[PDB]
$ cat start28.txt   # compact mmCIF, C-alpha atoms and all ligand atoms
# COMPACT_ATOMS: atom_id res chain seq x y z
CA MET A 1 11.78 -9.11 -12.36
CA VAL A 2 9.79 -12.31 -12.70
CA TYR A 3 10.89 -15.95 -13.25
CA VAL A 4 9.12 -17.34 -16.35
CA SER A 5 10.10 -20.74 -17.74
CA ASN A 6 9.01 -24.31 -18.46
CA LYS A 7 10.83 -25.58 -15.36
CA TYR A 8 9.99 -26.04 -11.60
CA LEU A 9 11.04 -23.04 -9.57
CA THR A 10 13.06 -23.19 -6.35
CA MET A 11 11.68 -21.45 -3.23
CA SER A 12 13.99 -18.49 -3.93
CA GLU A 13 12.57 -18.03 -7.45
CA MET A 14 8.93 -18.59 -6.26
CA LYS A 15 9.43 -15.98 -3.51
CA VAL A 16 10.28 -13.38 -6.16
CA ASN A 17 7.15 -14.33 -8.15
CA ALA A 18 4.97 -14.47 -5.03
CA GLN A 19 6.07 -10.98 -3.95
CA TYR A 20 5.36 -9.61 -7.48
CA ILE A 21 1.83 -11.11 -7.51
CA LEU A 22 1.17 -9.72 -4.04
CA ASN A 23 2.22 -6.21 -5.12
CA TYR A 24 0.17 -6.38 -8.34
CA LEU A 25 -3.09 -7.73 -6.92
CA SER A 26 -2.79 -5.54 -3.78
CA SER A 27 -3.02 -2.49 -6.09
CA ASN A 28 -6.01 -4.16 -7.66
CA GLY A 29 -7.83 -4.33 -4.30
CA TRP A 30 -7.36 -8.00 -3.31
CA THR A 31 -6.65 -8.71 0.40
CA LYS A 32 -3.28 -10.15 1.48
CA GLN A 33 -5.15 -13.20 2.78
CA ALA A 34 -6.92 -14.04 -0.47
CA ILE A 35 -3.76 -13.46 -2.57
CA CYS A 36 -1.82 -15.81 -0.27
CA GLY A 37 -4.64 -18.33 -0.37
CA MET A 38 -4.26 -18.29 -4.17
CA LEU A 39 -0.50 -18.43 -3.96
CA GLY A 40 -0.72 -21.62 -1.85
CA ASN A 41 -2.68 -23.07 -4.73
CA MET A 42 -0.38 -21.74 -7.46
CA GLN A 43 2.62 -23.17 -5.56
CA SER A 44 1.07 -26.63 -5.87
CA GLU A 45 -0.14 -26.13 -9.49
CA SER A 46 2.94 -24.57 -10.97
CA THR A 47 5.58 -23.61 -8.39
CA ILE A 48 4.16 -20.11 -9.12
CA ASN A 49 5.57 -20.21 -12.63
CA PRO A 50 3.70 -18.34 -15.42
CA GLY A 51 5.68 -20.17 -18.11
CA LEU A 52 5.05 -23.72 -16.89
CA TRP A 53 3.37 -26.35 -19.04
CA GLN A 54 1.78 -29.33 -17.23
CA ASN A 55 4.31 -32.20 -16.87
CA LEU A 56 6.78 -29.84 -18.62
CA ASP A 57 4.94 -30.76 -21.88
CA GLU A 58 5.75 -27.57 -23.83
CA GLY A 59 3.22 -26.57 -26.50
CA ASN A 60 0.55 -29.09 -25.51
CA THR A 61 -2.49 -26.82 -25.40
CA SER A 62 -4.85 -29.60 -24.23
CA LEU A 63 -3.06 -29.71 -20.91
CA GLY A 64 -2.44 -27.11 -18.19
CA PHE A 65 -0.40 -23.97 -18.55
CA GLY A 66 0.80 -21.12 -16.32
CA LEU A 67 0.21 -20.02 -12.74
CA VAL A 68 -3.09 -21.85 -12.09
CA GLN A 69 -2.58 -24.40 -14.87
CA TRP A 70 -5.40 -23.24 -17.16
CA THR A 71 -6.74 -26.53 -18.65
CA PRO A 72 -7.03 -26.69 -21.61
CA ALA A 73 -4.29 -24.09 -21.96
CA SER A 74 -5.90 -22.83 -25.13
CA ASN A 75 -8.76 -21.19 -23.21
CA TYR A 76 -6.28 -18.82 -21.60
CA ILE A 77 -3.90 -18.59 -24.54
CA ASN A 78 -6.81 -17.72 -26.84
CA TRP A 79 -8.13 -15.13 -24.39
CA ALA A 80 -4.65 -13.60 -24.33
CA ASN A 81 -4.53 -13.39 -28.15
CA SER A 82 -7.97 -11.77 -28.31
CA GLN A 83 -6.82 -9.24 -25.67
CA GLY A 84 -3.60 -8.34 -27.55
CA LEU A 85 -1.52 -9.69 -24.65
CA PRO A 86 1.53 -11.97 -24.89
CA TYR A 87 0.40 -15.28 -23.35
CA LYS A 88 3.57 -16.42 -21.59
CA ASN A 89 3.79 -13.51 -19.25
CA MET A 90 3.16 -12.83 -15.59
CA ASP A 91 1.06 -9.73 -16.04
CA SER A 92 -1.03 -11.31 -18.80
CA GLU A 93 -1.87 -14.21 -16.50
CA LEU A 94 -2.76 -11.99 -13.57
CA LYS A 95 -4.95 -9.98 -16.04
CA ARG A 96 -6.71 -13.23 -16.91
CA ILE A 97 -7.54 -13.94 -13.23
CA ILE A 98 -8.82 -10.36 -12.67
CA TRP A 99 -10.94 -10.85 -15.80
CA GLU A 100 -12.41 -14.10 -14.37
CA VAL A 101 -13.41 -12.26 -11.20
CA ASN A 102 -14.90 -9.44 -13.31
CA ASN A 103 -16.79 -11.72 -15.70
CA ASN A 104 -18.20 -14.46 -13.52
CA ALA A 105 -15.77 -16.94 -14.97
CA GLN A 106 -14.04 -20.13 -13.78
CA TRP A 107 -15.33 -19.98 -10.17
CA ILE A 108 -18.15 -22.20 -8.90
CA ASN A 109 -19.63 -21.27 -5.56
CA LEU A 110 -19.32 -24.47 -3.53
CA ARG A 111 -18.25 -22.86 -0.25
CA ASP A 112 -20.87 -20.09 0.12
CA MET A 113 -18.54 -17.48 -1.35
CA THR A 114 -18.47 -15.83 -4.76
CA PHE A 115 -15.18 -14.96 -6.51
CA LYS A 116 -15.83 -11.25 -5.84
CA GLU A 117 -16.34 -12.09 -2.20
CA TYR A 118 -13.17 -14.15 -2.17
CA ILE A 119 -10.82 -11.36 -3.21
CA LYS A 120 -12.09 -9.03 -0.46
CA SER A 121 -12.02 -11.76 2.26
CA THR A 122 -9.98 -11.50 5.44
CA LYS A 123 -10.47 -15.15 6.54
CA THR A 124 -7.17 -16.91 7.29
CA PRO A 125 -4.92 -17.63 4.29
CA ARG A 126 -5.41 -21.35 5.23
CA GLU A 127 -9.23 -21.07 5.04
CA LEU A 128 -9.13 -19.23 1.75
CA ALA A 129 -6.59 -21.59 0.12
CA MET A 130 -9.05 -24.40 0.72
CA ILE A 131 -11.97 -22.32 -0.51
CA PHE A 132 -10.00 -21.52 -3.71
CA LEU A 133 -9.14 -25.19 -4.15
CA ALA A 134 -12.74 -26.33 -3.90
CA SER A 135 -14.23 -23.51 -5.97
CA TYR A 136 -11.73 -22.45 -8.66
CA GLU A 137 -9.48 -25.51 -9.21
CA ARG A 138 -11.98 -28.24 -8.38
CA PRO A 139 -9.36 -30.99 -8.37
CA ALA A 140 -10.15 -34.72 -8.62
CA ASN A 141 -8.09 -35.17 -5.40
CA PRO A 142 -9.55 -32.66 -2.91
CA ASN A 143 -7.37 -33.55 0.06
CA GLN A 144 -4.45 -31.18 -0.33
CA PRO A 145 -3.91 -29.34 3.04
CA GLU A 146 -0.40 -28.40 1.90
CA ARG A 147 -2.02 -25.63 -0.20
CA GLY A 148 -3.15 -24.18 3.12
CA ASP A 149 0.24 -24.53 4.80
CA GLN A 150 1.86 -22.86 1.77
CA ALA A 151 -0.73 -20.05 1.89
CA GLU A 152 0.01 -19.31 5.54
CA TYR A 153 3.75 -19.45 4.76
CA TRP A 154 3.48 -16.80 2.03
CA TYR A 155 1.38 -14.63 4.41
CA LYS A 156 4.22 -14.57 6.93
CA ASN A 157 7.14 -14.38 4.51
CA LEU A 158 6.07 -11.69 2.02
CA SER A 159 5.95 -7.91 2.18
CA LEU A 166 2.68 -0.22 8.40
CA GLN A 167 5.06 2.77 8.67
CA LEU A 168 4.88 4.77 11.89
CA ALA A 169 4.24 8.47 11.10
CA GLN A 170 7.37 10.19 12.49
CA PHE A 171 7.31 13.86 13.48
CA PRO A 172 9.12 15.70 10.60
CA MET A 173 11.53 17.79 12.69
CA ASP A 174 14.35 17.21 15.24
CA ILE A 175 12.91 19.61 17.75
CA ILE A 176 9.53 20.80 18.88
CA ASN A 177 9.49 24.51 19.60
CA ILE A 178 6.07 26.03 19.14
CA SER A 179 5.64 29.72 18.44
CA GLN A 180 1.83 29.42 18.02
CA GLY A 181 -0.29 26.37 18.87
CA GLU A 182 -3.78 25.09 18.11
CA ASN A 183 -6.34 27.87 18.43
CA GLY A 184 -3.49 30.40 18.67
CA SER A 185 -4.79 33.98 18.89
CA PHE A 186 -2.90 35.55 16.00
CA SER A 187 -3.84 33.26 13.09
CA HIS A 188 -4.91 29.80 14.31
CA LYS A 189 -8.29 30.48 15.92
CA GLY A 190 -10.60 27.52 15.14
CA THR A 191 -7.74 25.36 13.83
CA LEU A 192 -5.39 22.55 14.89
CA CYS A 193 -2.43 24.26 13.13
CA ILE A 194 0.90 24.67 14.80
CA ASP A 195 3.78 26.98 13.89
CA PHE A 196 7.17 25.47 14.72
CA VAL A 197 10.56 27.07 14.69
CA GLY A 198 13.88 25.30 14.15
CA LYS A 199 17.21 25.64 15.95
CA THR A 200 18.07 28.27 13.33
CA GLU A 201 16.38 29.98 10.38
CA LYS A 202 15.74 27.65 7.39
CA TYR A 203 15.78 24.50 9.54
CA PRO A 204 15.21 21.11 7.79
CA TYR A 205 12.33 18.72 8.30
CA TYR A 206 11.71 15.28 6.86
CA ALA A 207 9.03 12.97 5.43
CA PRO A 208 6.94 11.39 8.16
CA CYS A 209 6.25 8.35 5.90
CA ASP A 210 6.16 7.49 2.18
CA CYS A 211 4.21 10.29 0.65
CA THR A 212 3.46 12.23 -2.53
CA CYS A 213 3.03 15.92 -3.29
CA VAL A 214 -0.59 16.52 -4.27
CA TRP A 215 -0.89 20.33 -4.43
CA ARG A 216 1.31 23.38 -4.68
CA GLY A 217 0.17 26.83 -3.70
CA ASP A 218 2.73 29.32 -4.99
CA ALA A 219 0.68 32.29 -3.83
CA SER A 220 0.55 31.17 -0.17
CA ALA A 221 3.83 29.22 -0.16
CA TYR A 222 2.50 25.75 0.70
CA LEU A 223 2.99 22.20 -0.52
CA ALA A 224 0.38 19.55 0.25
CA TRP A 225 1.25 15.90 0.75
CA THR A 226 -0.69 12.61 1.15
CA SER A 227 0.66 9.42 2.63
CA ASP A 228 0.96 6.67 -0.06
CA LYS A 229 -0.44 4.02 2.25
CA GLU A 230 -2.32 3.94 5.52
CA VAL A 231 0.11 4.74 8.33
CA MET A 232 0.39 3.86 12.02
CA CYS A 233 -0.21 6.99 14.15
CA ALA A 234 1.28 7.92 17.55
CA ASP A 235 -2.18 7.36 19.07
CA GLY A 236 -2.28 3.76 17.73
CA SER A 237 -4.75 4.77 14.95
CA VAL A 238 -4.37 3.39 11.44
CA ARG A 239 -5.35 5.79 8.70
CA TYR A 240 -4.26 7.64 5.56
CA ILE A 241 -3.11 11.19 6.30
CA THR A 242 -2.80 14.41 4.33
CA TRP A 243 -0.95 17.54 5.45
CA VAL A 244 0.34 20.95 4.40
CA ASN A 245 3.74 22.57 4.96
CA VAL A 246 3.64 26.34 4.69
CA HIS A 247 6.32 29.13 4.63
CA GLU A 248 9.20 27.49 2.81
CA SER A 249 10.84 29.74 0.23
CA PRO A 250 11.48 28.78 -2.47
CA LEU A 251 9.11 25.82 -2.68
CA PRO A 252 11.22 22.62 -2.92
CA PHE A 253 9.11 20.33 -5.12
CA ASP A 254 6.33 19.98 -7.65
CA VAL A 255 3.02 18.18 -7.69
CA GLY A 256 3.65 14.44 -8.11
CA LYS A 257 6.94 14.43 -6.24
CA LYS A 258 7.47 11.22 -4.29
CA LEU A 259 9.33 11.05 -0.98
CA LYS A 260 10.26 8.00 1.10
CA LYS A 261 10.06 8.11 4.92
CA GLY A 262 12.95 10.24 6.21
CA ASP A 263 13.68 12.12 2.98
CA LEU A 264 14.14 15.89 3.20
CA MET A 265 10.63 17.40 2.87
CA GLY A 266 11.23 21.08 3.49
CA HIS A 267 12.75 23.91 5.54
CA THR A 268 11.32 26.58 7.86
CA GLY A 269 11.07 29.97 6.24
CA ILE A 270 9.52 33.34 5.59
CA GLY A 271 7.56 32.29 2.48
CA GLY A 276 9.44 35.41 11.41
CA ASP A 277 11.09 32.19 10.12
CA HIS A 278 8.98 29.09 10.83
CA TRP A 279 7.05 26.08 9.61
CA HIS A 280 3.18 26.09 9.67
CA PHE A 281 1.94 22.54 9.78
CA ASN A 282 -1.57 21.14 9.59
CA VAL A 283 -2.77 17.53 9.13
CA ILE A 284 -6.19 16.11 8.26
CA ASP A 285 -7.67 12.57 8.13
CA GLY A 286 -7.78 10.67 4.86
CA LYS A 287 -6.17 10.55 1.45
CA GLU A 288 -8.07 13.49 -0.06
CA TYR A 289 -6.73 17.04 -0.19
CA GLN A 290 -9.70 19.43 -0.14
CA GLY A 291 -8.15 22.88 -0.24
CA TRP A 292 -8.76 25.35 2.57
CA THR A 293 -11.26 27.09 4.86
CA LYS A 294 -11.36 29.90 7.49
CA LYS A 295 -13.12 29.30 10.82
CA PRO A 296 -12.41 32.20 11.52
CA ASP A 297 -8.73 31.48 10.73
CA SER A 298 -7.23 29.60 7.77
CA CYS A 299 -6.64 25.86 7.81
CA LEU A 300 -7.16 22.79 5.62
CA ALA A 301 -10.71 21.79 4.84
CA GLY A 302 -11.53 18.25 5.92
CA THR A 303 -11.10 16.61 9.30
CA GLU A 304 -8.23 18.18 11.21
CA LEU A 305 -6.33 15.84 13.52
CA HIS A 306 -4.05 16.75 16.38
CA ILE A 307 -0.41 16.74 15.14
CA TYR A 308 0.55 15.12 18.51
CA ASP A 309 -1.87 12.23 18.04
CA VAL A 310 -0.74 11.57 14.47
CA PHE A 311 3.07 11.89 14.56
CA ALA A 312 5.40 10.11 17.05
CA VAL A 313 8.18 12.07 18.77
CA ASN A 314 10.80 9.30 19.11
CA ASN A 315 14.23 10.96 19.21
CA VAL A 316 12.76 14.57 19.25
CA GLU A 317 14.02 17.27 21.62
CA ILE A 318 10.99 19.02 23.08
CA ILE A 319 11.77 22.60 23.96
CA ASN A 320 8.21 24.11 23.86
CA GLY A 321 5.98 21.91 24.21
CA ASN A 322 2.76 23.84 24.70
CA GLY A 323 1.70 21.08 27.11
CA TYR A 324 0.38 18.81 24.32
CA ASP A 325 0.31 14.99 24.74
CA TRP A 326 3.45 14.38 22.64
CA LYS A 327 3.96 10.62 22.47
CA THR A 328 6.72 8.31 21.49
CA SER A 329 5.73 4.93 19.91
CA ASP A 330 7.31 1.49 19.92
CA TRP A 331 5.83 0.59 16.50
CA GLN A 332 8.37 -1.07 14.23
CA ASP A 333 8.12 -0.17 10.54
CA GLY A 334 7.37 -2.73 7.89
ZN ZN B 1 0.56 29.16 11.44
$ encode --input "start28.txt" --output "structure tokens"
Amino acid sequence: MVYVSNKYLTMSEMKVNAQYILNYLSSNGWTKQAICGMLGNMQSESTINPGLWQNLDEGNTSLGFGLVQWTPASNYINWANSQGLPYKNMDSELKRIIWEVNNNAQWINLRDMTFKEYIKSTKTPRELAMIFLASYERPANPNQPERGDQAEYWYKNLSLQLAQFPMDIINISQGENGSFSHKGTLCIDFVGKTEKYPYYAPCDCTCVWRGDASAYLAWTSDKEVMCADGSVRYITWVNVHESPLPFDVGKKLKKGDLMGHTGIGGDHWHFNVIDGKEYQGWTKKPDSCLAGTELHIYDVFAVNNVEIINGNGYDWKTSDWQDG
């Protein structure tokens, strides 16, 4: 959903557009600050409307058009045609801006910042709105602090999850460095209240590997998460012993969705988590665990609303972090 028209948008309609642009350019590696600094500008140029002609003068290609009011409009519209993109279109316009960053276009460095620098900046959305104004837009009237106020407003009004321990109970049958099969590892075997006991997604995640032989699924958090130890990081983990395996590679789960059950794939759940967003298969040291940097389960996942029955004397922590 985007609002595209030759008419001034209300704040409700702009908010929808502003959210869309945030989502799109976020995936393209721009910072929330720089996107909002641009939004403050596009609010003044266009009410964040990709279909808007300057002064509502439809079809006048000598005047401004679209989100940043490309002037003359034909420079953009012609670029769009050459690129096989429909010109009056949100994504096409965002693709034009990305192109300008990638091709040393539009921007003039008047504030000791290049366009490539701009999109990675974490200066205030106010600061960056004014940098954008001076460098990209270059208006005849430079005194427009409202673009800054608008930037900071979109920063606050648009758009971390706390990693929650998957299961309702903690009851450890074999901890980190356990003698039977965890020597050298930070793995933990957990049992449920019964056989085949459910556990849930600690955060939005995706299934990245399936080992049918060894009965494991591997998962990677979609975003960086907030950990029980106050760390912010991507995480990757493995669930072993479920039978049959619930999902396939690519499967997407939201925080709290059913992720698996204990099993015999004695009934239990072997769990192991590493730092980062890269699954790297396995190693033995001397016992089997994930390759990569193992993290303590009790430092990563919070135990809010978990019944601890055993325990193993680990620093299990609750967290007051509130999910975005
Ligand atoms: Zn184990």
$ closest_residue --input "start28.txt" --among "A:107, A:72, A:31, A:97" --to "residue 123 in chain A" --atoms "only C-alpha atoms"
A:31
$ residues_near_point --input "start28.txt" --point "(3.6, 9.3, 0.9)" --cutoff "6 Å" --atoms "only C-alpha atoms" --output "mmCIF file with C-alpha atoms, keeping the file's coordinate frame"
data_model
loop_
_atom_site.group_PDB
_atom_site.id
_atom_site.type_symbol
_atom_site.label_atom_id
_atom_site.label_comp_id
_atom_site.auth_asym_id
_atom_site.auth_seq_id
_atom_site.Cartn_x
_atom_site.Cartn_y
_atom_site.Cartn_z
ATOM 1 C CA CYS A 209 6.250 8.350 5.900
ATOM 2 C CA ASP A 210 6.160 7.490 2.180
ATOM 3 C CA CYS A 211 4.210 10.290 0.650
ATOM 4 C CA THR A 212 3.460 12.230 -2.530
ATOM 5 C CA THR A 226 -0.690 12.610 1.150
ATOM 6 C CA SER A 227 0.660 9.420 2.630
ATOM 7 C CA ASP A 228 0.960 6.670 -0.060
#
$ residues_near_point --input "start28.txt" --point "(19.0, 17.5, 8.2)" --cutoff "12 Å" --atoms "all atoms listed in the file" --output "number ranges by chain"
A: 172-175, 198-200, 202-207, 262-268
$ residues_near_ligand --input "start28.txt" --ligand "ligand ZN 1 (chain B)" --cutoff "12 Å" --atoms "all atoms listed in the file" --output "ChimeraX atom specification"
/A:178-197,220,222,244-247,268-271,276-282,297-300
$ atom_distance --input "start28.txt" --atom1 "CA of residue 59 in chain A" --atom2 "CA of residue 12 in chain A"
26.3 Å
$ closest_residue --input "start28.txt" --among "A:102, A:153, A:223, A:1" --to "residue 250 in chain A" --atoms "all atoms listed in the file"
A:223
$ closest_residue --input "start28.txt" --among "A:88, A:32, A:216, A:120" --to "residue 151 in chain A" --atoms "all atoms listed in the file"
A:32
$ residues_around --input "start28.txt" --residues "residue 29 in chain A" --least-positions-apart "4" --cutoff "12 Å" --atoms "all atoms listed in the file" --output "JSON list (two decimals) with C-alpha atoms, keeping the file's coordinate frame"
[["chain", "number", "residue", "atom", "x", "y", "z"],
["A", 22, "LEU", "CA", 1.17, -9.72, -4.04],
["A", 23, "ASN", "CA", 2.22, -6.21, -5.12],
["A", 24, "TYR", "CA", 0.17, -6.38, -8.34],
["A", 25, "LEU", "CA", -3.09, -7.73, -6.92],
["A", 33, "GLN", "CA", -5.15, -13.20, 2.78],
["A", 34, "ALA", "CA", -6.92, -14.04, -0.47],
["A", 35, "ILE", "CA", -3.76, -13.46, -2.57],
["A", 98, "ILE", "CA", -8.82, -10.36, -12.67],
["A", 101, "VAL", "CA", -13.41, -12.26, -11.20],
["A", 116, "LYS", "CA", -15.83, -11.25, -5.84],
["A", 117, "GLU", "CA", -16.34, -12.09, -2.20],
["A", 118, "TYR", "CA", -13.17, -14.15, -2.17],
["A", 119, "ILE", "CA", -10.82, -11.36, -3.21],
["A", 120, "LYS", "CA", -12.09, -9.03, -0.46],
["A", 121, "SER", "CA", -12.02, -11.76, 2.26]]
$ closest_residue --input "start28.txt" --among "A:238, A:214, A:16, A:316" --to "residue 256 in chain A" --atoms "only C-alpha atoms"
A:214
$ residues_around --input "start28.txt" --residues "residue 19 in chain A" --least-positions-apart "6" --cutoff "12 Å" --atoms "only C-alpha atoms" --output "JSON, numbers by chain"
{"A": [1, 2, 3, 11, 12, 13, 25, 26, 32, 35, 36, 39, 48, 154, 155, 156, 157, 158, 159]}
$ atom_distance --input "start28.txt" --atom1 "CA of residue 46 in chain A" --atom2 "CA of residue 124 in chain A"
22.2 Å
$ closest_residue --input "start28.txt" --among "A:334, A:50, A:145, A:125" --to "residue 89 in chain A" --atoms "only C-alpha atoms"
A:50
$ closest_residue --input "start28.txt" --among "A:325, A:290, A:71, A:94" --to "residue 20 in chain A" --atoms "all atoms listed in the file"
A:94
$ atom_distance --input "start28.txt" --atom1 "CA of residue 248 in chain A" --atom2 "CA of residue 333 in chain A"
28.7 Å
$ axis_aligned_box --input "start28.txt" --around "range 136-148 of chain A" --padding-each-side "6 Å" --output "AutoDock Vina command-line options"
--center_x -6.2 --center_y -28.8 --center_z -3.0 --size_x 23.6 --size_y 24.7 --size_z 24.3
$ residues_around --input "start28.txt" --residues "residue 133 in chain A" --least-positions-apart "4" --cutoff "9 Å" --atoms "all atoms listed in the file" --output "PyMOL selection string"
chain A and resi 38+41+128-129+137-139+142+144+147
$ residues_around --input "start28.txt" --residues "residue 311 in chain A" --least-positions-apart "3" --cutoff "12 Å" --atoms "all atoms listed in the file" --output "ChimeraX atom specification"
/A:167-173,176,207-209,231-239,241,243,281-284,305-308,314,316,325-329,331
$ decode --input "start28.txt" --residues "range 216-299 of chain A" --atoms "C-alpha atoms" --output "PDB file, in the first residue's frame"
ATOM      1  CA  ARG A 216      17.856 -28.967   8.163  1.00  0.00           C
ATOM      2  CA  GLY A 217      19.804 -32.014   9.181  1.00  0.00           C
ATOM      3  CA  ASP A 218      17.584 -35.053   8.680  1.00  0.00           C
ATOM      4  CA  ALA A 219      20.354 -37.451   9.643  1.00  0.00           C
ATOM      5  CA  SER A 220      20.949 -35.887  13.078  1.00  0.00           C
ATOM      6  CA  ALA A 221      17.409 -34.548  13.602  1.00  0.00           C
ATOM      7  CA  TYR A 222      18.179 -30.819  13.860  1.00  0.00           C
ATOM      8  CA  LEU A 223      16.780 -27.582  12.460  1.00  0.00           C
ATOM      9  CA  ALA A 224      18.922 -24.452  12.441  1.00  0.00           C
ATOM     10  CA  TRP A 225      17.466 -20.973  12.783  1.00  0.00           C
ATOM     11  CA  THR A 226      18.772 -17.374  12.483  1.00  0.00           C
ATOM     12  CA  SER A 227      17.125 -14.303  13.930  1.00  0.00           C
ATOM     13  CA  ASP A 228      15.792 -12.007  11.132  1.00  0.00           C
ATOM     14  CA  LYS A 229      17.056  -8.890  12.856  1.00  0.00           C
ATOM     15  CA  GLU A 230      19.460  -8.071  15.649  1.00  0.00           C
ATOM     16  CA  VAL A 231      17.807  -8.928  18.961  1.00  0.00           C
ATOM     17  CA  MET A 232      18.061  -7.659  22.536  1.00  0.00           C
ATOM     18  CA  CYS A 233      19.644 -10.338  24.755  1.00  0.00           C
ATOM     19  CA  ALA A 234      19.028 -11.082  28.463  1.00  0.00           C
ATOM     20  CA  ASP A 235      22.527  -9.750  29.178  1.00  0.00           C
ATOM     21  CA  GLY A 236      21.677  -6.380  27.540  1.00  0.00           C
ATOM     22  CA  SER A 237      23.724  -7.283  24.400  1.00  0.00           C
ATOM     23  CA  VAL A 238      22.434  -6.447  20.940  1.00  0.00           C
ATOM     24  CA  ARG A 239      23.337  -8.958  18.284  1.00  0.00           C
ATOM     25  CA  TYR A 240      22.065 -11.350  15.610  1.00  0.00           C
ATOM     26  CA  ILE A 241      21.784 -14.922  16.881  1.00  0.00           C
ATOM     27  CA  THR A 242      21.744 -18.371  15.306  1.00  0.00           C
ATOM     28  CA  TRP A 243      20.779 -21.603  17.052  1.00  0.00           C
ATOM     29  CA  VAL A 244      20.014 -25.293  16.596  1.00  0.00           C
ATOM     30  CA  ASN A 245      17.160 -27.398  17.993  1.00  0.00           C
ATOM     31  CA  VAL A 246      17.941 -31.097  18.033  1.00  0.00           C
ATOM     32  CA  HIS A 247      15.891 -34.292  18.776  1.00  0.00           C
ATOM     33  CA  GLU A 248      12.460 -33.412  17.455  1.00  0.00           C
ATOM     34  CA  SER A 249      10.833 -36.223  15.478  1.00  0.00           C
ATOM     35  CA  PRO A 250       9.523 -35.735  12.899  1.00  0.00           C
ATOM     36  CA  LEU A 251      11.187 -32.453  11.942  1.00  0.00           C
ATOM     37  CA  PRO A 252       8.496 -29.730  11.859  1.00  0.00           C
ATOM     38  CA  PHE A 253       9.662 -27.398   9.086  1.00  0.00           C
ATOM     39  CA  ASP A 254      11.801 -26.883   6.013  1.00  0.00           C
ATOM     40  CA  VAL A 255      14.626 -24.555   5.130  1.00  0.00           C
ATOM     41  CA  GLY A 256      13.210 -21.073   4.525  1.00  0.00           C
ATOM     42  CA  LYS A 257      10.392 -21.396   7.021  1.00  0.00           C
ATOM     43  CA  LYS A 258       9.619 -18.105   8.751  1.00  0.00           C
ATOM     44  CA  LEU A 259       8.413 -17.855  12.348  1.00  0.00           C
ATOM     45  CA  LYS A 260       7.316 -14.777  14.301  1.00  0.00           C
ATOM     46  CA  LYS A 261       8.245 -14.372  17.993  1.00  0.00           C
ATOM     47  CA  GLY A 262       6.115 -16.799  20.033  1.00  0.00           C
ATOM     48  CA  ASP A 263       5.183 -19.156  17.199  1.00  0.00           C
ATOM     49  CA  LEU A 264       5.515 -22.892  17.838  1.00  0.00           C
ATOM     50  CA  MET A 265       9.127 -23.806  16.926  1.00  0.00           C
ATOM     51  CA  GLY A 266       9.378 -27.420  17.974  1.00  0.00           C
ATOM     52  CA  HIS A 267       8.852 -30.192  20.537  1.00  0.00           C
ATOM     53  CA  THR A 268      11.185 -32.266  22.736  1.00  0.00           C
ATOM     54  CA  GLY A 269      11.782 -35.739  21.406  1.00  0.00           C
ATOM     55  CA  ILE A 270      13.811 -38.845  20.739  1.00  0.00           C
ATOM     56  CA  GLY A 271      14.907 -37.859  17.214  1.00  0.00           C
ATOM     57  CA  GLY A 276      15.380 -40.121  26.574  1.00  0.00           C
ATOM     58  CA  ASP A 277      12.922 -37.426  25.378  1.00  0.00           C
ATOM     59  CA  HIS A 278      14.478 -33.941  25.361  1.00  0.00           C
ATOM     60  CA  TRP A 279      15.522 -30.815  23.513  1.00  0.00           C
ATOM     61  CA  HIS A 280      19.264 -30.145  22.766  1.00  0.00           C
ATOM     62  CA  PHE A 281      19.784 -26.452  22.315  1.00  0.00           C
ATOM     63  CA  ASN A 282      22.861 -24.501  21.273  1.00  0.00           C
ATOM     64  CA  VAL A 283      23.228 -20.824  20.264  1.00  0.00           C
ATOM     65  CA  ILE A 284      26.077 -18.949  18.582  1.00  0.00           C
ATOM     66  CA  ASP A 285      26.786 -15.249  17.837  1.00  0.00           C
ATOM     67  CA  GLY A 286      25.911 -13.781  14.462  1.00  0.00           C
ATOM     68  CA  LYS A 287      23.694 -14.375  11.458  1.00  0.00           C
ATOM     69  CA  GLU A 288      25.820 -17.104   9.851  1.00  0.00           C
ATOM     70  CA  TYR A 289      25.199 -20.816  10.311  1.00  0.00           C
ATOM     71  CA  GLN A 290      28.527 -22.629   9.958  1.00  0.00           C
ATOM     72  CA  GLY A 291      27.696 -26.286  10.489  1.00  0.00           C
ATOM     73  CA  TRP A 292      29.292 -28.235  13.316  1.00  0.00           C
ATOM     74  CA  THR A 293      32.462 -29.220  15.183  1.00  0.00           C
ATOM     75  CA  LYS A 294      33.599 -31.619  17.971  1.00  0.00           C
ATOM     76  CA  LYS A 295      35.802 -30.315  20.791  1.00  0.00           C
ATOM     77  CA  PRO A 296      35.812 -33.178  21.878  1.00  0.00           C
ATOM     78  CA  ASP A 297      31.981 -33.216  21.806  1.00  0.00           C
ATOM     79  CA  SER A 298      29.619 -32.011  19.069  1.00  0.00           C
ATOM     80  CA  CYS A 299      28.327 -28.451  18.902  1.00  0.00           C
TER      81      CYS A 299
END
